[PDB]
Protein chains: 2
Amino acid sequence: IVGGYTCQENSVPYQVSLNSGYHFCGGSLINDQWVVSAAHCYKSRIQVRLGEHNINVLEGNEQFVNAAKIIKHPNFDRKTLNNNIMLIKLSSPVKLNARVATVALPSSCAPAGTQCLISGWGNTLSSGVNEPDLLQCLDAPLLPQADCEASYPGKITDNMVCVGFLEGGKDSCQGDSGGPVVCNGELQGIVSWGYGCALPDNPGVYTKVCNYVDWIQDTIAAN
Amino acid sequence: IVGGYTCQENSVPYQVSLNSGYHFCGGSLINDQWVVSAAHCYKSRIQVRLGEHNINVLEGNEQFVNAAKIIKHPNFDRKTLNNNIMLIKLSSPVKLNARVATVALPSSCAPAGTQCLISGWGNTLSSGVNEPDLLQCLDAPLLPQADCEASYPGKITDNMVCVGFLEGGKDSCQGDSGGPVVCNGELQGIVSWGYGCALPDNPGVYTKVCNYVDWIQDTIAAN
Ligand SMILES: [Ca+2]
Ligand SMILES: [Ca+2]
């Protein structure tokens, strides 16, 4: 998260860190045993970490659970990033408390101009390297499709949405990938791609969750 | 036991010590004349030691009985350790008292997350040699089958259960083999195998007692 702020502790209860020796991607908790994240964050062995705040210090509220199943969307396209979404079924169900809590799924799609919350333990700078220890938060709105498509000529699908600022300075970055975009208590996006981080005229491009409610449900009823 | 504590004296009345000139394996008393253990703990001549606490000092409470019959499970695979259970018929029936007591057999297969008791006079270190004099105890839960198979690829059968901690530090070790895992006053496991002792991602493997009640009773009734 470039240009956001440090989230108040345990204030995005549904955020998870995907661990593979170190943090590499975020996701979000949809029920007690399923996490949604991004196909591009696929790894054959993932440990999910919940109730985190400081990613590099054991604080006493974490639950560490292995992925039992890792299911990329059948139409995931690596080249284009189309359908970038994946589901993770945890080896066991977590303990739901004030710090580990689900996030709802959209009842419809949120229109452009809606105000959303974005979070992650991804890069905090436009140029250079800085990985934070504390979870960063970012208030940003969905942008009109028109604006999304002009930024990325012929690069945008019916399942991608841009969230951000055309001016730059405030964005998601590497390490935020698979994490949540939440709009009026609902999971509307998933960090997917962008050119650089927080550059002018290159807003974040996100997976549009509203297009996959049916899939999810389905996937979870079948596994 | 690596990471456990000194059992309170005579607190695990059903523990036995398999003796061949020295303690080499554990086991549990199931009736006044039958003990259960692992098939790998098979020796043609065994002396059973009941009422023990300090493996190495005579305390006034022990009963020393020879094994009159030693029955390995017919399906016992040496290579794989599948069917890792045996039955020992003692030469005479013991004296049942507060220090030499039986343990119940399973009424059902206990579920992942059940809290269990593991005990033994096995190695107490994760690296290095340390064989204790006093019987050691460990509180550990049964783990989801999912974690168990993820730990030991193509190694886990329907008759094996993992018990312990994925983070390592606390486990059974050589010399604990054949001992009991008691959960809710019943015999859910027998120490079987593991890679090393108390290493991260190498939880112990146990014989799933609940798949056997029927063979046991079968066994005790025919001999
Ligand atoms: Ca932490
Ligand atoms: Ca003794």
# chains A, B, ... in the order shown; residues from 1 in each chain; ligands from 1
>>> interface_residues(of="chain B", to="chain A", cutoff="7 Å", atoms="only C-alpha atoms", output="number ranges by chain")
B: 144, 146-147
>>> write_last_selection(atoms="C-alpha atoms", output="mmCIF file, in the first residue's frame")
data_model
loop_
_atom_site.group_PDB
_atom_site.id
_atom_site.type_symbol
_atom_site.label_atom_id
_atom_site.label_comp_id
_atom_site.auth_asym_id
_atom_site.auth_seq_id
_atom_site.Cartn_x
_atom_site.Cartn_y
_atom_site.Cartn_z
ATOM 1 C CA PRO B 144 -6.609 -33.073 10.893
ATOM 2 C CA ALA B 146 -5.073 -33.293 5.944
ATOM 3 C CA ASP B 147 -1.973 -32.034 7.806
#
>>> residues_near_ligand(ligand="ligand 1", cutoff="7 Å", atoms="only C-alpha atoms and all ligand atoms", output="number ranges by chain")
A: 52-59, 62
>>> write_last_selection(atoms="C-alpha atoms", output="compact mmCIF listing (two decimals), in the first residue's frame")
# COMPACT_ATOMS: atom_id res chain seq x y z
CA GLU A 52 -2.25 -10.61 12.17
CA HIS A 53 -1.11 -7.01 12.70
CA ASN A 54 2.68 -6.97 12.91
CA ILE A 55 3.69 -9.60 10.38
CA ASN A 56 7.23 -10.00 11.70
CA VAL A 57 6.46 -10.37 15.44
CA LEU A 58 4.37 -13.09 17.13
CA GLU A 59 1.74 -11.09 19.04
CA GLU A 62 -2.55 -15.31 15.35
>>> select_by_dssp(residues="region 29-211 of chain A", states="alpha helix (DSSP H)", output="PyMOL selection string")
chain A and resi 145-151
>>> write_last_selection(atoms="N, CA and C atoms", output="tab-separated table (two decimals), in the first residue's frame")
chain	number	residue	atom	x	y	z
A	145	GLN	N	-15.25	2.45	-15.70
A	145	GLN	CA	-14.61	1.55	-16.68
A	145	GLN	C	-13.86	2.28	-17.79
A	146	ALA	N	-14.43	3.37	-18.28
A	146	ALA	CA	-13.82	4.22	-19.30
A	146	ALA	C	-12.37	4.65	-19.04
A	147	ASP	N	-12.17	5.06	-17.86
A	147	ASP	CA	-10.89	5.50	-17.27
A	147	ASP	C	-10.00	4.28	-17.10
A	148	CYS	N	-10.68	3.15	-16.67
A	148	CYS	CA	-9.85	1.91	-16.46
A	148	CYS	C	-9.31	1.53	-17.81
A	149	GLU	N	-10.14	1.38	-18.78
A	149	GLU	CA	-9.75	1.01	-20.16
A	149	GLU	C	-8.84	1.99	-20.82
A	150	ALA	N	-8.88	3.24	-20.59
A	150	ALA	CA	-7.88	4.13	-21.29
A	150	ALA	C	-6.49	3.94	-20.68
A	151	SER	N	-6.43	3.65	-19.40
A	151	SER	CA	-5.12	3.45	-18.73
A	151	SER	C	-4.41	2.23	-19.33
>>> closest_residue(among="B:139, B:115, B:133, B:125", to="ligand 2", atoms="only C-alpha atoms and all ligand atoms")
B:133
>>> residues_around(residues="residue 96 (chain B)", least_positions_apart="5", cutoff="9 Å", atoms="only C-alpha atoms", output="list in words")
residues 32, 101 and 102 of chain B
>>> residues_around(residues="residue 203 (chain A)", least_positions_apart="4", cutoff="12 Å", atoms="only C-alpha atoms", output="PDB file with C-alpha atoms, in the first residue's frame")
ATOM      1  CA  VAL A   2       1.626   3.191  -1.240  1.00  0.00           C
ATOM      2  CA  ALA A 140      -9.898   4.588  -2.623  1.00  0.00           C
ATOM      3  CA  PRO A 141     -12.901   4.427  -4.977  1.00  0.00           C
ATOM      4  CA  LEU A 142     -13.706   2.377  -7.910  1.00  0.00           C
ATOM      5  CA  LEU A 143     -13.066   4.338 -11.137  1.00  0.00           C
ATOM      6  CA  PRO A 144     -15.362   4.318 -14.198  1.00  0.00           C
ATOM      7  CA  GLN A 145     -14.614   1.553 -16.676  1.00  0.00           C
ATOM      8  CA  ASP A 147     -10.891   5.501 -17.266  1.00  0.00           C
ATOM      9  CA  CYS A 148      -9.849   1.908 -16.462  1.00  0.00           C
ATOM     10  CA  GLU A 149      -9.754   1.009 -20.162  1.00  0.00           C
ATOM     11  CA  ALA A 150      -7.880   4.134 -21.291  1.00  0.00           C
ATOM     12  CA  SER A 151      -5.122   3.451 -18.732  1.00  0.00           C
ATOM     13  CA  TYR A 152      -4.665  -0.089 -20.085  1.00  0.00           C
ATOM     14  CA  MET A 160     -11.260  -6.463 -13.957  1.00  0.00           C
ATOM     15  CA  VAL A 161     -12.094  -3.123 -12.248  1.00  0.00           C
ATOM     16  CA  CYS A 162      -9.658  -0.150 -11.479  1.00  0.00           C
ATOM     17  CA  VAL A 163      -9.607   1.297  -7.983  1.00  0.00           C
ATOM     18  CA  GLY A 164      -7.419   4.253  -7.165  1.00  0.00           C
ATOM     19  CA  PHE A 165      -6.422   7.726  -8.247  1.00  0.00           C
ATOM     20  CA  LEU A 166      -5.342   8.868 -11.702  1.00  0.00           C
ATOM     21  CA  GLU A 167      -3.043  11.405 -10.047  1.00  0.00           C
ATOM     22  CA  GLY A 168      -0.906   8.642  -8.502  1.00  0.00           C
ATOM     23  CA  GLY A 169       0.603   8.587  -5.033  1.00  0.00           C
ATOM     24  CA  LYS A 170      -1.952   6.203  -3.521  1.00  0.00           C
ATOM     25  CA  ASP A 171      -2.064   2.537  -4.588  1.00  0.00           C
ATOM     26  CA  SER A 172      -1.615  -1.138  -3.879  1.00  0.00           C
ATOM     27  CA  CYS A 173       1.757  -2.797  -4.741  1.00  0.00           C
ATOM     28  CA  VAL A 191      -5.544  -6.941  -5.687  1.00  0.00           C
ATOM     29  CA  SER A 192      -4.514  -8.187  -9.113  1.00  0.00           C
ATOM     30  CA  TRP A 193      -2.204  -6.074 -11.285  1.00  0.00           C
ATOM     31  CA  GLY A 194      -1.074  -2.538 -12.256  1.00  0.00           C
ATOM     32  CA  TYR A 195       1.929  -0.913 -14.033  1.00  0.00           C
ATOM     33  CA  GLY A 196       4.419   0.192 -11.365  1.00  0.00           C
ATOM     34  CA  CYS A 197       2.789   1.304  -8.106  1.00  0.00           C
ATOM     35  CA  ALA A 198       1.010   4.567  -7.548  1.00  0.00           C
ATOM     36  CA  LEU A 199       2.220   6.156 -10.811  1.00  0.00           C
TER      37      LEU A 199
END
>>> residues_around(residues="region 4-15 of chain A", least_positions_apart="6", cutoff="10 Å", atoms="only C-alpha atoms", output="PyMOL selection string")
chain A and resi 26-31+35+49-54+61+96-104+117-121+124+132-140+169-172+179-180+182
>>> atom_distance(atom1="CA of residue 48 (chain B)", atom2="CA of residue 123 (chain B)")
19.5 Å
>>> select_by_dssp(residues="region 28-161 of chain A", states="strand (DSSP E or B)", output="NGL selection string")
:A and (28-29 or 34-37 or 47-50 or 54 or 63-72 or 77 or 82 or 86-90 or 104 or 115-120 or 134 or 136-142 or 160-161)
>>> residues_around(residues="residue 24 (chain B)", least_positions_apart="4", cutoff="8 Å", atoms="only C-alpha atoms", output="JSON, numbers by chain")
{"B": [17, 18, 19, 20, 41, 175]}
>>> atom_distance(atom1="CA of residue 211 (chain B)", atom2="CA of residue 106 (chain B)")
9.0 Å
>>> decode(residues="region 181-216 of chain B", atoms="N, CA, C and O atoms", output="CSV table (one decimal), in the first residue's frame")
chain,number,residue,atom,x,y,z
B,181,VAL,N,-1.6,-43.2,23.8
B,181,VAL,CA,-2.2,-41.8,23.6
B,181,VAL,C,-3.7,-42.0,24.1
B,181,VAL,O,-4.6,-42.6,23.5
B,182,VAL,N,-3.9,-41.4,25.2
B,182,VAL,CA,-5.2,-41.5,25.8
B,182,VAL,C,-5.9,-40.1,25.7
B,182,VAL,O,-5.4,-39.1,26.0
B,183,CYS,N,-7.2,-40.2,25.2
B,183,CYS,CA,-8.0,-39.1,24.9
B,183,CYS,C,-9.4,-39.4,25.5
B,183,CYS,O,-10.2,-40.3,25.1
B,184,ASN,N,-9.8,-38.5,26.5
B,184,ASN,CA,-11.0,-38.6,27.2
B,184,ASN,C,-11.2,-40.0,27.8
B,184,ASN,O,-12.3,-40.5,27.9
B,185,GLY,N,-10.2,-40.5,28.4
B,185,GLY,CA,-10.2,-41.8,29.2
B,185,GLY,C,-10.2,-43.0,28.3
B,185,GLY,O,-10.6,-44.0,28.8
B,186,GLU,N,-9.8,-42.9,27.1
B,186,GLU,CA,-9.8,-44.0,26.1
B,186,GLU,C,-8.5,-43.9,25.2
B,186,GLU,O,-8.0,-42.8,24.7
B,187,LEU,N,-8.1,-45.1,24.8
B,187,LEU,CA,-7.0,-45.4,24.0
B,187,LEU,C,-7.2,-45.2,22.5
B,187,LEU,O,-7.6,-46.1,21.8
B,188,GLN,N,-6.8,-44.0,22.1
B,188,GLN,CA,-7.0,-43.6,20.7
B,188,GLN,C,-5.9,-43.9,19.8
B,188,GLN,O,-6.0,-44.0,18.5
B,189,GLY,N,-4.7,-44.0,20.4
B,189,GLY,CA,-3.4,-44.2,19.6
B,189,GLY,C,-2.4,-45.0,20.4
B,189,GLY,O,-2.6,-45.2,21.7
B,190,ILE,N,-1.5,-45.4,19.8
B,190,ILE,CA,-0.3,-46.2,20.2
B,190,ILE,C,0.9,-45.4,19.4
B,190,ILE,O,0.8,-45.4,18.2
B,191,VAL,N,2.0,-45.0,20.1
B,191,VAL,CA,3.2,-44.4,19.4
B,191,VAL,C,3.7,-45.5,18.4
B,191,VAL,O,4.1,-46.7,18.6
B,192,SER,N,3.8,-44.9,17.2
B,192,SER,CA,4.2,-45.7,16.0
B,192,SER,C,5.5,-45.2,15.3
B,192,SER,O,6.4,-46.1,15.3
B,193,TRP,N,5.5,-44.1,14.7
B,193,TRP,CA,6.6,-43.5,13.9
B,193,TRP,C,6.6,-42.0,13.7
B,193,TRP,O,5.7,-41.2,14.1
B,194,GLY,N,7.6,-41.5,13.1
B,194,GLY,CA,7.7,-40.0,12.8
B,194,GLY,C,9.1,-39.8,12.1
B,194,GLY,O,9.9,-40.8,12.3
B,195,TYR,N,9.3,-38.7,11.5
B,195,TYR,CA,10.7,-38.4,10.9
B,195,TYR,C,11.4,-37.6,11.9
B,195,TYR,O,11.0,-36.5,12.3
B,196,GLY,N,12.4,-38.1,12.6
B,196,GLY,CA,13.1,-37.4,13.7
B,196,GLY,C,12.2,-37.4,14.9
B,196,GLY,O,11.3,-38.3,15.1
B,197,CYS,N,12.3,-36.5,15.8
B,197,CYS,CA,11.5,-36.3,17.0
B,197,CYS,C,11.4,-34.8,17.2
B,197,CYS,O,12.5,-34.2,17.4
B,198,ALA,N,10.2,-34.4,17.3
B,198,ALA,CA,9.8,-33.0,17.6
B,198,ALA,C,10.4,-32.0,16.6
B,198,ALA,O,10.7,-30.8,17.0
B,199,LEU,N,10.5,-32.4,15.3
B,199,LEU,CA,10.9,-31.4,14.3
B,199,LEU,C,9.7,-30.7,13.7
B,199,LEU,O,8.6,-31.3,13.6
B,200,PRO,N,9.9,-29.5,13.2
B,200,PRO,CA,8.8,-28.7,12.6
B,200,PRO,C,8.3,-29.5,11.4
B,200,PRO,O,9.0,-30.2,10.6
B,201,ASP,N,6.9,-29.6,11.3
B,201,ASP,CA,6.4,-30.3,10.1
B,201,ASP,C,6.6,-31.8,10.0
B,201,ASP,O,6.6,-32.4,8.9
B,202,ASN,N,6.8,-32.4,11.2
B,202,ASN,CA,7.0,-33.8,11.3
B,202,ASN,C,6.4,-34.2,12.6
B,202,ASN,O,7.1,-34.4,13.5
B,203,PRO,N,5.0,-34.2,12.7
B,203,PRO,CA,4.3,-34.5,13.9
B,203,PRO,C,4.4,-36.0,14.1
B,203,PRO,O,4.7,-36.8,13.1
B,204,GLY,N,4.2,-36.6,15.3
B,204,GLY,CA,4.3,-38.1,15.3
B,204,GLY,C,3.1,-38.7,14.6
B,204,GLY,O,2.0,-38.2,14.5
B,205,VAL,N,3.4,-39.9,14.2
B,205,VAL,CA,2.4,-40.9,13.6
B,205,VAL,C,2.1,-41.9,14.6
B,205,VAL,O,2.9,-42.5,15.4
B,206,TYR,N,0.8,-42.2,14.7
B,206,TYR,CA,0.2,-43.1,15.6
B,206,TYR,C,-0.8,-44.1,15.0
B,206,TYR,O,-1.5,-43.9,14.0
B,207,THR,N,-0.8,-45.3,15.5
B,207,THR,CA,-1.7,-46.4,15.2
B,207,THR,C,-3.1,-45.9,15.8
B,207,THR,O,-3.3,-45.5,16.9
B,208,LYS,N,-4.1,-46.0,14.8
B,208,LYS,CA,-5.5,-45.6,15.1
B,208,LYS,C,-6.2,-46.8,15.8
B,208,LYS,O,-6.7,-47.7,15.2
B,209,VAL,N,-6.2,-46.8,17.1
B,209,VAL,CA,-6.7,-47.9,17.9
B,209,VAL,C,-8.2,-48.2,17.6
B,209,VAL,O,-8.6,-49.4,17.5
B,210,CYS,N,-9.0,-47.2,17.2
B,210,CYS,CA,-10.4,-47.3,16.9
B,210,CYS,C,-10.7,-48.2,15.8
B,210,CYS,O,-11.9,-48.7,15.7
B,211,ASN,N,-9.7,-48.4,14.9
B,211,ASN,CA,-9.9,-49.3,13.8
B,211,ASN,C,-9.7,-50.8,14.1
B,211,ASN,O,-10.0,-51.8,13.4
B,212,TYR,N,-9.3,-51.1,15.3
B,212,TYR,CA,-8.9,-52.3,15.9
B,212,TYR,C,-9.9,-52.8,17.0
B,212,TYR,O,-9.6,-54.0,17.2
B,213,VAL,N,-10.5,-52.1,17.9
B,213,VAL,CA,-11.4,-52.8,18.9
B,213,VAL,C,-11.9,-54.2,18.7
B,213,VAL,O,-12.2,-55.3,19.4
B,214,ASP,N,-12.2,-54.5,17.5
B,214,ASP,CA,-12.9,-55.7,17.0
B,214,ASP,C,-11.9,-56.8,16.8
B,214,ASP,O,-12.3,-57.9,17.1
B,215,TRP,N,-10.7,-56.5,16.4
B,215,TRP,CA,-9.7,-57.5,16.3
B,215,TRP,C,-9.2,-57.9,17.7
B,215,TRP,O,-8.9,-59.1,18.0
B,216,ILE,N,-8.9,-56.9,18.5
B,216,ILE,CA,-8.5,-57.1,19.9
B,216,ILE,C,-9.4,-58.0,20.7
B,216,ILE,O,-8.8,-58.6,21.6
